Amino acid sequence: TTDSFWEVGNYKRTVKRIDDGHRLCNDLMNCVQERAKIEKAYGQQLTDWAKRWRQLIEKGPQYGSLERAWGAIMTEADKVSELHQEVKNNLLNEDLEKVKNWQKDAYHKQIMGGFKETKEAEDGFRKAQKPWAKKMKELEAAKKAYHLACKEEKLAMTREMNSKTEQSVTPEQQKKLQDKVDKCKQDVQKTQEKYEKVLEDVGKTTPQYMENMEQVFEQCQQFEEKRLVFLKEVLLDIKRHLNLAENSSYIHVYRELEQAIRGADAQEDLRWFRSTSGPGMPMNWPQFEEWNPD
């Protein structure tokens, strides 16, 4: 657990959380316009289709009702395109804009450093960790000293046993073997009293450490929460604006196309042609013609 929140210098992860917040806003904005582009393309593709074929049918050999039928399928194209433009718009007028604004209130860059709120936190954390930071260094100092002190007690306590294995003219060196082994014995007992002293000491200051880091933290959560809430609301706003269905207009388009079509009557059609281009049209039959004369 060297990667735990309580380990000195780890609150940083949640400090990052903040710089991230602004960045994700950024992201949602880029997502939105991208959507728009797509929505603009479709409906712009649409009217370009409506026009081409509107003109084609009107210049064309088609006639009568069938012409108007096949006609209406261009207004569809148009109406739908107008919707997808409605859609583009909102993504860009409301939804996008909302984010751009919210992001302008929550975060503010500062000339020296990053965001203001990022600092306020970053300092809050240091502040609450300072005390525990100091102590925690004492601690690893004393351990470091005490271990060393126990390594030396084993440096001479066994060495004496190796030096008295020589048993060769060392009455002055036999006194040093029992001199250092009892000197280091002092160190060990001492360091274990100092180190142990810090240990119980740190234990008296952990709650305070805890209340502390836990206070700057809940304050962080507060701010996070403020964007998480907003963000959800944005995403609803978007779904709303993306949704064509449950939009009267949309359904309306395809009822209107439908009846235009069924409206087509080949009979009336056929009759028109008869009267307009066929035997139905008047004919001057040969008649006895006198001289003009001029």
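The numbering used is simple: start at 1 and walk along the sequence shown.
Could you find out if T75 - modelled in this structure - is missing from at least a third of the other PDB entries compared that contain residues on either side?
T75: modelled in every other compared entry.
Quick check on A141: across the other compared entries (only those modelling residues on both sides), is it unmodelled in a third or more?
That residue is present in all of the other compared entries.
Out of 1-9 and 283-291, which stretch has the higher average CA B-factor listed in the record?
If you average the C-alpha B-factors of 1-9 and of 283-291, the larger mean comes out for 283-291.
Greater mean Cα temperature factor according to the PDB record, 13-21 or 267-275:
Per the deposited B-factors, the answer is 267-275.
Looking at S81, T118, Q167, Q219, which has the biggest Cα B factor in the entry?
Of the candidates given, the C-alpha B-factor peaks at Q167.
Would you mind finding, among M74, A128, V181, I111, the residue with the largest C-alpha temperature factor in the entry?
Of the options given, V181 has the highest CA B-factor in the PDB entry.
If you rank the chain by CA B-factor, which third does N243 end up in: lowest, middle or highest?
Middle third.
Based on the entry's values, in what third of the chain does the Cα temperature factor of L91 lie: lowest, middle or highest?
Lowest third.
Splitting the chain's C-alpha B-factors into thirds, which one does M136 fall into?
Tercile = middle for this residue's CA B-factor.
Quick one: classify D201 as lowest, middle or highest third of the chain based on its Cα B-factor.
Answer is highest: the recorded C-alpha B-factor places it there.
Where does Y209 sit by CA temperature factor within its chain: lowest, middle or highest third?
Answer is middle: the recorded C-alpha B-factor places it there.
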